Structure formats: structure tokens, C-alpha cells
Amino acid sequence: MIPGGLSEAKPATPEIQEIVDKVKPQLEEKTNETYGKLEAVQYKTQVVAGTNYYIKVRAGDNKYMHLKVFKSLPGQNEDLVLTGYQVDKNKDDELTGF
């Protein structure tokens, strides 16, 4: 019940998938790269004044990539925004607070 930490890991779903695609354009311009599809597999959530998502996406070869996305609170609206990526990461890393 770590009062500010990230939840244990959860197998990805299509919601976590709608995010990676909604913030696709946003990751695109920062690395300047072009991906056919970011494919989420793992994720953690965390309670801030909103929820941060720590998603594990697959890029090209056999190496994965990490993504911190802030997700607004019902009140404000349904937003989303890359706040921090973590390109060039390993196949098997724990998702870790960054």
C-alpha cells in the first residue's frame, strides 16, 4: 500500500494501447523517428493528482521501450502527454519509477 509508489505490474490492455497510440504522435516528434506501431506489453499506474502510466512498449527489433504518460483526471478532461520516454531499453527490465 506504498502511498505514492507505482502499482505492481499489470498485463497490457487496449486502453493502455489507446494511450500509446494517442501519444504516438508525441513520441514521434521527440525522437524524430517513425514507428509502425508501439506495442505495449507491461504497465504500472501511480496516484498523483492524475494517474501516471509507466508503459512498456515494443519498437523495432527485440528490445523494448519505456513510457511515462500523465493521464488527466475526469474533472479536467481525458488528456494524455508524454512526460518522459526511455528509448533503447532491455527486453526484460522491471518497470521502474522514473
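Numbers follow the displayed sequence, beginning with 1. Think of the rigid core as the biggest set of C-alphas that the two forms share within 1.5 Å after superposition.
In summary, of the stretches 41-49 and 61-69, 61-69 shows the greater Cα distance from the shown form in 4 other deposited structures of this protein, with structures fitted on the rigid core.
Rigid core fits of the other structures in 4 other deposited structures of this protein place the C-alpha atoms of one stretch farther away on average; of 7-15 and 75-83, that stretch is 75-83. Legend: mean Cα B-factor per stretch from the PDB entry, 30-38 versus 49-57; the higher mean is in 30-38.
Taking the PDB entry as given, 83-91 carries the higher mean Cα B factor of the two stretches 83-91 and 15-23. Highest C-alpha temperature factor among 63, 44, 71, 68 per the entry: 63.
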